[PDB]
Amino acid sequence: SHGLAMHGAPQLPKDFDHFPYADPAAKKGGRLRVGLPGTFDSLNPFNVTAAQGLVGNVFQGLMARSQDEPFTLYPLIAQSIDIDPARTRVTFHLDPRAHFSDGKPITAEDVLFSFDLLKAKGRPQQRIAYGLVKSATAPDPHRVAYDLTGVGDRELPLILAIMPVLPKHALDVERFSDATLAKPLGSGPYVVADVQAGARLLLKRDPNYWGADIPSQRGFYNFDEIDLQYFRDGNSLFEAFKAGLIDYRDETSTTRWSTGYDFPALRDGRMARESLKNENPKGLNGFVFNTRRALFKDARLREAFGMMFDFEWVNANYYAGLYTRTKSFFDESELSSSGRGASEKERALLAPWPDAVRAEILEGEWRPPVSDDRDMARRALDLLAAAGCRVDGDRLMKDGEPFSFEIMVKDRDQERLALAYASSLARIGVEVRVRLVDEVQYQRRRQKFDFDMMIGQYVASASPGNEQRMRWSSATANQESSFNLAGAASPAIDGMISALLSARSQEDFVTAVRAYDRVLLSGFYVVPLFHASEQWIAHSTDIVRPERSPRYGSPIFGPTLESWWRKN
């Protein structure tokens, strides 16, 4: 009634004082200088280039998400909830203390206005989700009742709970679809104090922020001002940090992390760098096979081709040895099947699908092959022979023709990865053309699935949900512009997605995701690439953070460092 976990029970007691990764002793005051790459031209993050830093700081949901749990929400604008275990209904009881930053009280009328507006004009999956609601009503000005009878979507109440609450009295609905630089009205701890398009967004504390002493807010929002500055590209952003004009940065360049942090402020203690890790799952990016095309229809051939990617060579030659191989769609986490034998409960979930999981993966013995290479080439050729492909002279033959294909790439980093892979595949007689295509052609060809192989992303989450259908369901395998780049269309994938979507307890959810991981991996739809096991950050020593960081989420801290504060 005062907490909502996607699976299982909320881990904080009803009377918790603060989120465990917030420090209530955090000091108030000072200006945080944040630096971001790129540009912006809008202060509306909810239409379909908006400035960052507005969600949370300005625009608030009904409930606040604790990043210390996979997916659990706690009271914010809604002080409590009424929900049944089957999730056919949810009513939000609004906090009568809540008001927008002009002092206007938040009422059910604002929530229904926001629901209607976002259902019509929001992001695509948001429109679909809100469209599932049977009715949205206000039995009184402090209650919002959502009818979900017949939907069967256990995620929908939490999606409704994180909808931003927008001011009916102050939002022009006809302007919603435009790029707007007018200072927007919200209810959060900060107001928009100054904006210079493409240059800076200045946030200043609302001294009368309604929720400053709400439990889910205590210890957060300590800076009096947050200045979000936008920079051309990475080098000028990095130079501003070295000059002391920017207080914090995330590092994503292996070259810069490896050799660029030898400047004086780093050595004399004015700034520091750190690697941080939490329990958020990692992965997965990879070379994607287009299994719609005859040359990649056999999972045995896809597995064999995957054996030839030499990660150790690329890691040492391009990335200063800083990355680690991705081994799972939910890698380095409790959701991973990697190195874990399937449980009896997993095997029961998989029972209707006896062909779906390879024994090597079912028993937790499988990993993407590690190179030191005749043994690896020999393993690949033996598998290929079983798939009916044999090397004639210097060429691998399939259906009487030499095997050849194209890897479509979009930038130089991808091209170097693909060229390394092409060189390895040449050793088993496979001709691989690597073609760098411009942005417009790349996007069009990705949307139409006009490729043999390309590099794709399937970002892991600590609470996988309906987005898995977009990436892997049979229904989206042949739908233009979908995320299902490989064209996977497997009843066992669809069945495991259904099982993870219907799991109720956290233990049954973990079981289903592990089994789902095994089915995805056993299809060899992708050649997994690699990830950083830790987040690389650097910061001024004049700002500090709580001793305990959140267990989940990536990046670990928000762009405006809501839990940090200025040292006294």
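Residue indices: 1-based, along the sequence shown.
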Next item on the list: Would you mind checking whether any residues of the deposited sequence sit unmodelled between residue 372 and residue 373, and how many (none, 1 to 3, 4 to 9, 10 or more)?
Entry: 4 to 9
Item checked: Missing from the model but present in the deposited sequence, between residue 48 and residue 49 -> 1 to 3
Check: For the stretches 337-345 and 294-302, which has the higher mean C-alpha B-factor as given in the deposited record?
Finding: 337-345
Notebook entry, point to check: Looking only at CA atoms, which has the higher mean B factor in the entry: 250-258 or 71-79?
Noted result: 250-258
Check: When you compare the CA B-factors of 404, 447, 196, 114 as listed in the entry, which one comes out on top?
Finding: 196
Next item on the list: Return the residue from 455, 201, 440, 486 that has the highest Cα B-factor in the entry.
Entry: 440
Note to self: Please place residue 134 in the lowest, middle or highest third of its chain according to the CA B-factor in the PDB entry.
What the structure shows: highest
Next item on the list: Looking at the entry's B-factor column for C-alpha atoms only, identify whether residue 66 ranks in the lowest, middle or highest third of its chain.
Entry: lowest
Note to self: Per the entry's values, where does residue 179 land by CA temperature factor relative to the rest of its chain, in the lowest, middle or highest third?
What the structure shows: highest
Margin query: Looking at the temperature factor on the CA atom of residue 479, which third of the chain's modelled residues does it land in?
Written below: middle
Check: If you rank every modelled residue in this chain by C-alpha B factor, which third holds residue 417: lowest, middle or highest?
Finding: lowest
